[PDB]
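Cβ atoms come from the backbone with ideal geometry, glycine included; neighbour counts cover every protein chain shown. Every number here is computed from the coordinates shown, using simple stated rules; none is lab data.
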Protein chains: 2
Amino acid sequence: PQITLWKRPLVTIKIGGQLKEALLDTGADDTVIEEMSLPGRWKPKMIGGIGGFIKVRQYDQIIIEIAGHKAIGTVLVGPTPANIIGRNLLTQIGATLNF
Amino acid sequence: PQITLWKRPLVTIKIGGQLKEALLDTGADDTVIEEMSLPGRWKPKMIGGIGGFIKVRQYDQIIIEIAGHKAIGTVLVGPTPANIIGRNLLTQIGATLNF
Ligand SMILES: CC(C)CN(C[C@@H](O)[C@H](Cc1ccccc1)NC(=O)O[C@H]1CO[C@H]2OCC[C@H]21)S(=O)(=O)c1ccc2c(c1)OCO2
């Protein structure tokens with residue numbers, strides 16, 4: 001779709017077979033999801049945002065459906081204030097900004 | 001224009017008589033600009049993201065040009081690691097996310 005921005009661009013995602021709400025976030029390089037049980041191997045990583053750095057579990061090559069569109073890529077799982085879909089997966093679903 | 005997400009969606013902005021580069025950020029409710037000496041009154045605010053909260057100064061009715069498009073609204077100034085154009089101004093320039 002075409003999504004205007006008067007409200008937060010929230011969508012439903014499916015990750016690990018579970019439905020979740022997430023924010024489409026063009027200011028995020030990476031996708032960061034709240035703590036959850038997730039099938040796949042992971043490696044310890046750090047990621048930094050506006051307020052500093054947090055520890056995350058990095059899961060590569062994870063199947064994730066975003067508003068009905070398929071992506072397979074890296075998901076960082078950790079104590080984020082919000083589930084955010086970043087450019088690593090927005091590019092997979094063909095998203096662009098337009099004005 | 002159409003702004004790709006293969007790279008960070010950076011555009012040139014003009015604020016306080018200065019040109020800066022800033023992210024077009026659908027994940028940001030508010031606009032956050034790196035520390036600069038804007039004139040006039042302001043109100044203290046705290047905003048939160050990955051890593052926690054930062055202290056910012058809230059300035060209202062600030063004139064800001066975004067990739068050639070005029071906007072006017074609230075801008076938060078403080079020790080952000082990125083200049084962030086949030087939805088309060090993205091809506092004013094007619095930006096959408098499309099996929
Ligand atoms: C986390 C989301 C819900 C909010 N953030 C906007 C993001 O787009 C942010 C914007 C951002 C960009 C760069 C540096 C810091 C923040 N990106 C970010 O944290 O991305 C992280 C994941 O991928 C990595 O790439 C960039 C940092 C990492 S934010 O910067 O914390 C923020 C912006 C304006 C706000 C706000 C919070 O509260 C109210 O108004």
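Consider only pairs whose beta carbons are under 6 Å apart and that are at least six residues apart or on different chains; among these, list those whose first residue lies in region B:49-60 and is within 19 Å of A:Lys55 (Cα to Cα) and whose second residue is of a type in the set (A, V, I, L, M) and surrounded by fewer than 17 Cβ atoms within 10 Å (Cβ to Cβ).
So the pair list comes out as B:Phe53/B:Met46.
Within region A:55-64, is there a residue that is crowded, with 17+ Cβ neighbours inside 10 Å and within 11 Å of chain B (Cβ to nearest Cβ)?
The answer is yes, given that some residue of region A:55-64 is crowded, with 17+ Cβ neighbours inside 10 Å and within 11 Å of chain B (Cβ to nearest Cβ).
Quickly run through region A:68-91 and pick out the residues that are farther than 23 Å from B:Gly52 by Cβ and either among the β-branched types (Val, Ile, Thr) or over 12 Å from the mean Cα position of the chain (by Cα) (or both).
Passing the criteria: A:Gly68, A:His69, A:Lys70, A:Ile72, A:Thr74, A:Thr91.
Buried (at least 19 other Cβ atoms within 10 Å of the Cβ), in contact with a helix residue (DSSP H, G or I) (Cβ under 8 Å, 6 or more places away or on another chain), part of a strand (DSSP E or B) and not charged (D, E, K, R): is that true of A:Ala28 in this structure?
no
Take region B:75-99 and flag every residue that is in contact with a helix residue (DSSP H, G or I) (Cβ under 9 Å, 6 or more places away or on another chain) and either touching a residue at least 40 places away in the same chain (Cβ under 8 Å) or over 17 Å from A:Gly27 (Cα atoms) (or both).
The answer is B:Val75, B:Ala95, B:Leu97.
Take A:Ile15 and tell me if it is more than 9 Å from every other protein chain (Cβ to nearest Cβ), in contact with an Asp or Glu (Cβ under 9 Å, 6 or more places away or on another chain) and crowded, with 17+ Cβ neighbours inside 10 Å.
It is true that A:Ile15 is more than 9 Å from every other protein chain (Cβ to nearest Cβ), in contact with an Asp or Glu (Cβ under 9 Å, 6 or more places away or on another chain) and crowded, with 17+ Cβ neighbours inside 10 Å.
Taking the stated definitions as given, is A:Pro9 within 7 Å of another protein chain (Cβ to nearest Cβ) and without any contact (Cβ under 8 Å) to a residue 60 or more places away in the chain?
Here the answer is yes, as A:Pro9 does meet what is asked.
Starting from residues that are of a type outside the set (D, E, K, R) and within 9 Å of chain A (Cβ to nearest Cβ), keep the ones in region B:75-87 and report whichever is farthest from the ligand (Cβ to nearest atom).
The qualifying residue farthest from the ligand (Cβ to nearest atom) is B:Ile85.
Take the residues of region B:65-74 that are in contact (Cβ under 8 Å) with a residue 40 or more places away in the chain and either touching a helix residue (DSSP H, G or I) at 6+ places or on another chain (Cβ under 8 Å) or within 11 Å of the ligand (Cβ to nearest atom) (or both): which is nearest to the other protein chains (Cβ to nearest Cβ)?
Among residues in region B:65-74 that are in contact (Cβ under 8 Å) with a residue 40 or more places away in the chain and either touching a helix residue (DSSP H, G or I) at 6+ places or on another chain (Cβ under 8 Å) or within 11 Å of the ligand (Cβ to nearest atom) (or both), the one nearest to the other protein chains (Cβ to nearest Cβ) is B:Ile66.
Is at least one residue of region A:31-44 assigned to a strand (DSSP E or B), surrounded by fewer than 18 Cβ atoms within 10 Å (Cβ to Cβ) and within 15 Å of the ligand (Cβ to nearest atom)?
no
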